[PDB]
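# Sequence plus experimental coordinates follow:
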Amino acid sequence: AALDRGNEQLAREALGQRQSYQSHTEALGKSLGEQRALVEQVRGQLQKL
Amino acid sequence: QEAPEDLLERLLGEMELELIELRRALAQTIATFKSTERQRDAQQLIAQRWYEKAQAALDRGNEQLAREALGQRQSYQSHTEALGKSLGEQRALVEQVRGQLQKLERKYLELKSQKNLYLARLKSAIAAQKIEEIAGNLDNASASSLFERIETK
Amino acid sequence: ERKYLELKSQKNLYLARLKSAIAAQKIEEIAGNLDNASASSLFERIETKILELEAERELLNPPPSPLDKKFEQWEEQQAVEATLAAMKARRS
Amino acid sequence: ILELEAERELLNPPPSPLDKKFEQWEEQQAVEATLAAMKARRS
Amino acid sequence: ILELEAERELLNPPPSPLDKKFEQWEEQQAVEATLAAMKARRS
């Protein structure tokens, strides 16, 4: 709708708005991955005990 | 310096009260920043009123009073300029302060996200440091394990 | 009085900035940046210490030798293949 | 009383000034759209 | 207050002035890329 109504200037503003979240998604897009492989290692230790 | 894990838990506790203390202080500037801003308008308002009367000062053939009226406002004219720039300086400063605060909260939560993820690993080793000591492995027969001490006695 | 109020107007505006730095002086010290790995950050001290205990288990009672895994992995193939080998004949 | 006003405006920030445009700029489409079909629907 | 500002800027140095270019110079590609496909995607 930003560009559909001949308001592409707003679309650029809209497009730049999301980039803030794009970095945030990537920022937290990898923190989860690191935790995932770590806990499963912790799980293995507990079962043996 | 207590145990590294013990200090961390306490350290984060005092961090929470820190931000909210900073939370209150920043709000004070916003209130005062507005209060002075409003104060300026009222001060500018009253001074503007005097100029309005200047029409009647000269309308009734009393221009001598108009000069007195005109000189009266000049006192407020300087005052308006005096406070006309103090607000401008404060405006650009607080917004910089605002930027700093947001990162701390965003930073603060992410640090805490991994706080417990290490505590469990820490307690994995401590439990994974005792069982062997109690019994050990029969291949070596250390005899330091309390279990062996039972056998020898 | 005119001077007094204006001075006070800026009193708090500096206190918030002052408390910005003190809070902006601790977070890095607690954790720092992973690129440098200062190890002065309390967070790193946790990482190094946990490693030390890992050595005790791996050293006081050594884990199975790397060969030991082969002797058990190389033979499990015989076990799994043996059971299915008889399974095919047993099925027939 | 002003101090508390900041907490609401800061602790949970209000919608951005742009956000009002994204909703005000589109409500015109909604109101105009319904009446646009209304005229044709009437006919 | 200035003295503490140095610690953050020095103990953990901020991104290099170049680093801003590497991220600013590429964001233009990102923003232009999405709208470039948007025009074709719209058509």
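Cool, got the structure. Numbers count the residues shown, from 1 in each chain, chains lettered A, B, ... in the order given.

# So out of everything in chain C, what residue is nearest chain D?
Closest to chain D within chain C is residue C:12: 11.3 Å, counting by C-beta to the nearest C-beta. No exception for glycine: its C-beta is placed from N, CA and C like everyone else's.

# what's the neighbour count on residue 32?
Unless you meant another one, I'm taking chain A. Neighbour count for residue A:32, taken as other C-beta atoms under 10 Å in any protein chain shown: 9.

# nope, chain C
A count of neighbours around residue C:32, defined by other C-beta under 10 Å, yields 19.

# Kindly report the same for residue C:9.
Neighbours around residue C:9, by other C-beta under 10 Å: 19.

# Figure out the helix or strand that the residue nearest to residue A:5 when sequence neighbours are not counted lives in.
Once flanking residues are discounted, residue A:5 sits nearest to residue D:29: 7.4 Å by C-beta to C-beta, 6 or more residues apart in numbering or on different chains. Per DSSP states H and E: residue D:29 is located in helix D:17-42.

# Check residue A:26 too.
helix A:8-48.

# Which neighbouring elements make contact with that helix?
With contacts taken as 3 or more C-beta pairs under 8 Å, 6 or more residues apart in numbering or on different chains; DSSP states H and E, helix A:8-48 sits against helix B:63-113, helix B:115-127, helix D:17-42, helix E:17-42.

# tell me how far the third one is from the chain's mean position?
Per C-alpha atoms, centre = their mean, to the nearest Å, the displacement of helix D:17-42 from the mean C-alpha position of its chain is 11 Å.

# tell me the contacts of the residue of chain A found nearest chain E?
With C-beta to the nearest C-beta, the shortest gap between chain A and chain E falls at residue A:15, namely 5.3 Å. Counting by C-beta atoms under 8 Å, 6 or more residues apart in numbering or on different chains, residue A:15 touches E:31, E:34, E:35.

# and the residue nearest to residue A:10 when sequence neighbours are not counted, what is it in contact with?
Nearest residue to residue A:10 in three dimensions, chain neighbours excluded: residue A:2, at 4.6 Å (C-beta to C-beta, 6+ apart). Listed by C-beta under 8 Å, 6+ apart, the contact partners of residue A:2 are A:8, A:10, A:11, A:13, A:14.

# and the last one, how many neighbours?
When neighbours are counted by other C-beta under 10 Å, residue A:14 registers 17.

# ok, now residue A:19?
13.

# Confirm for me that it is in contact with residue E:27.
Yes - Residue A:19 is in contact with residue E:27 according to C-beta atoms under 8 Å; the separation is 6.4 Å.

# one step back: for the contacts of residue A:2, could you give me TSV that also reports distance to residue A:41?
Converted to TSV, the contacts of residue A:2 look like this (distance: C-beta to C-beta, whole Å):
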residue	distance to residue A:41
A:8	51
A:10	49
A:11	46
A:13	46
A:14	43
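
# Nearest to chain C among these?
Nearest to chain C among those, counting by C-beta to the nearest C-beta, is residue A:13 at 29.8 Å.

# Not counting sequence-adjacent ones, nearest residue to that closest one?
Nearest non-adjacent residue to residue A:13, counting by C-beta to C-beta, 6+ apart: residue D:18, 7.3 Å away.

# how close does that neighbour get to residue E:24?
Distance, residue D:18 to residue E:24, by C-beta to C-beta, to the nearest Å: 22 Å.

# quick one on the thing from earlier: of the contacts of residue A:15, closest to chain C?
residue E:31 (27.7 Å).

# Can you tell me how far the closest residue to that closest one other than its chain neighbours is from chain C?
With sequence-adjacent residues excluded and distances taken as C-beta to C-beta, 6+ apart, residue E:31 is closest to residue A:15, at 5.3 Å. Look at residue A:15 and chain C: by C-beta to the nearest C-beta, to the nearest Å, they are 31 Å apart.

# quick one on the thing from earlier: so who does the residue of chain C closest to chain D touch?
Contact analysis of residue C:12 by C-beta under 8 Å, 6+ apart lists B:25, B:28, B:29, B:32.
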